[PDB]
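Quick note: residue numbers are just sequence positions, from 1. What you see below is based on every heavy atom in this structure, not just the backbone, and it leaves out hydrogens, waters and symmetry mates.
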Amino acid sequence: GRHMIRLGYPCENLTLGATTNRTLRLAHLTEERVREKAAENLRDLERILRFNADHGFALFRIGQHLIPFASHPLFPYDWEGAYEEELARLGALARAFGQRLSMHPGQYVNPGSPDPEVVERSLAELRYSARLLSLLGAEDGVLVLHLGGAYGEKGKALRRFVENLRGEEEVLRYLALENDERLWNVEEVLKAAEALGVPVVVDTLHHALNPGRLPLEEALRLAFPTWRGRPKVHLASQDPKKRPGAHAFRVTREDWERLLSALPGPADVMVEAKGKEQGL
Ligand SMILES: [Mn+2]
Ligand SMILES: [Mn+2]
Ligand SMILES: [Mn+2]
């Protein structure tokens, strides 16, 4: 039914066996083989949107590998010219379904790195991700990123992060920043986000493990105003007895109820669980 809290899951759908994350070995990165993997990923994206419209999921995170190696210097064709018509069509479908699309580049995308080549590769991956959202016409699309490593000194790390992203107009249209379980708490991310003029994604599990001085309610109250559109929040539960921050197969009733009770208002909740669409 119709709830003020909308739900999503990331990358793939276990029920369908549909995924947006097919890739290949660099040795196999021919135009032919890449076009084949991309076509499968795009076919599965469509399957997922349609599944989501029937099963009440309004959010979906598209895998980084949708177009495998798109941002790699050896990518063999103009993927934007190849796919712009198809992405416009899929994006129109997603909007017609009232679905919100996002992307979450991985741990290796580090704009605050002091290594120029890591920065360049990271920005390339962000530009690909932002362009994809643009091609899909994802109005309120989200491109979620952690602040990355502290590289020995947090103040200089955050300075490089901001300085290396400030001129990235298209990336900043979608970018939102997320707290983590070790390095950057909600209060720290709010400061970074304010500097770049972007929203803050609160991750409930990361917050529980690294709360700083804030209860969940106050974290969410502070993060809410950073969004022009509906806030996005991440909900996960701890995979019992694994590394802190590892995601359980299914979110617990207790974590879901804690979030529901703490939310200051309507929001979009990305369920991060190994069970994907079965994760809540
Ligand atoms: Mn994250
Ligand atoms: Mn998260
Ligand atoms: Mn996490």
Side-chain angles (χ1 to χ4, degrees), residues 5-11 58-64 66 91 94 99-112 122-123 125-134 136-148 157-158 161-181 183-207 210 212 214 216 218-236 245 259 262-272:
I5 307 314
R6 305 196 295 170
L7 292 168
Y9 63 86
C11 296
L59 268 57
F60 183 66
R61 180 191 295 156
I62 292 169
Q64 290 304 300
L66 184 76
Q99 295 159 8
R100 190 176 188 187
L101 306 183
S102 53
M103 288 180 86
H104 195 320
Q107 67 172 350
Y108 293 151
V109 177
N110 284 126
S122 302
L123 296 166
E125 185 70 358
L126 295 165
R127 300 183 184 125
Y128 147 62
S129 299
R131 185 50 52 72
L132 201 41
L133 292 172
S134 297
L136 286 158
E139 47 182 289
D140 46 354
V142 198
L143 177 52
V144 183
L145 200 67
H146 286 303
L147 273 57
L158 194 150
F161 185 94
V162 176
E163 288 304 299
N164 291 336
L165 292 166
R166 64 182 358 279
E168 292 306 322
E169 185 161 353
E170 193 182 16
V171 168
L172 293 179
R173 186 162 312 146
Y174 305 102
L175 186 70
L177 303 177
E178 180 193 355
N179 60 303
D180 68 76
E181 77 287 354
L183 303 178
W184 310 95
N185 65 38
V186 175
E187 307 163 81
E188 295 173 294
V189 175
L190 289 159
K191 159 185 154 60
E194 187 195 4
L196 276 169
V198 302
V200 172
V201 173
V202 181
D203 181 300
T204 62
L205 176 58
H206 290 167
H207 181 260
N210 186 21
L214 299 183
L216 179 55
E218 183 68 4
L220 291 170
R221 187 189 78 69
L222 298 166
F224 258 51
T226 71
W227 298 84
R228 287 200 301 98
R230 294 161 65 88
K232 183 176 150 163
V233 165
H234 289 177
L235 173 68
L259 179 57
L263 274 162
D268 288 348
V269 179
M270 174 61 71
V271 174
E272 298 189 303

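Expressed to the nearest 0.5 Å, how far CE of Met270 lies from CZ of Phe60 amounts to 8.0 Å. Note that OG1 of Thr204 is 9.5 Å distant from NE2 of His234, once rounded to the nearest 0.5 Å. Expressed to the nearest 0.5 Å, how far CD of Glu125 lies from CG of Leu143 amounts to 9.5 Å. Atom CG of residue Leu101 and atom CG of residue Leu132 lie 9.0 Å apart, to the nearest 0.5 angstrom.
The two residues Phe161 and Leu196 have their closest heavy-atom pair at CE2-CD1, 4.0 Å. Of all non-hydrogen atoms in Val144 and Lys232, the two that sit nearest each other are CG2-NZ, 3.8 Å. Here the closest heavy-atom approach between residue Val271 and residue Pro10 is recorded as O-CD, 3.5 Å. Between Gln64 and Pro105, the closest heavy-atom pair is NE2-N, 3.4 Å. When all heavy atoms are compared, the tightest approach of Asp140 to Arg100 is O-NE, 2.8 Å. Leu205 and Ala236 make their closest contact through CB-O, 3.7 Å (heavy atoms, listed as atom of the first residue, atom of the second, distance).
For the salt bridge (charged side-chain N to carboxylate O under 4.0 Å, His left out) test, residues two or more places apart in sequence or in another chain that qualify with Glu187 are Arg213.
Judged purely by atom type and a 3.5 angstrom limit, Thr226 uses its side chain to pair as donor or acceptor with the backbone of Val200. Remark: side-chain polar atoms of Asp203 are not paired, donor with acceptor, to backbone N or O of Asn179 under 3.5 angstrom. At distances below 3.5 Å, not a single donor-acceptor pair connects side-chain atoms of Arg61 with backbone N or O atoms of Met103. For the pair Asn110 (side chain) and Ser122 (backbone), a donor-acceptor distance under 3.5 Å is absent.
A heavy-atom distance below 4.5 Å is not found between the side chains of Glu168 and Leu126. Residues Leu214 and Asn185 are not in side-chain contact: their nearest non-hydrogen atoms beyond the backbone lie 4.5 Å or more apart.
Of the residues listed (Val162, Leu177, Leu183), the one engaging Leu147 in a side chain to side chain contact (heavy atoms under 4.5 Å, CB included) is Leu177, and it is the only one.
Side-chain atoms of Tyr174 and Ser102 form no donor-acceptor pair, as typed in the model, at a separation below 3.5 Å.
The number of heavy atoms from other shown groups lying within 6.0 Å of CZ (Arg173) is above 12.
Salt-bridge formation is not detected for the pair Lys191/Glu194: no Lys NZ or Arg NE/NH1/NH2 atom is positioned less than 4.0 Å from an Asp or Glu carboxylate oxygen. Ion pair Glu170/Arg131 flagged as a salt bridge, since at least one NZ, NE, NH1 or NH2 atom sits closer than 4.0 Å to an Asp/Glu carboxylate oxygen.
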For this session: Check step by step if side chain to side chain contact (heavy atoms under 4.5 Å, CB included) holds for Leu222 and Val186.
Result: CA-CA 9 Å; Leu222 298 166; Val186 175; 5.6 Å; no
Problem set entry | Residue pair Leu216, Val202: steps toward the side chain to side chain contact (heavy atoms under 4.5 Å, CB included) verdict | CA-CA 9 Å; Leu216 179 55; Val202 181; 4.1 Å; yes
For this session: Could you go through the side chain to side chain contact (heavy atoms under 4.5 Å, CB included) check for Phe224 and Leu263 one step at a time?
Result: CA-CA 9 Å; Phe224 258 51; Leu263 274 162; 3.8 Å; yes
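Using bins of under 30°, 30° to 60° and over 60° for the plane-to-plane angle, the ring pair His146/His104 lands in the tilted bin.
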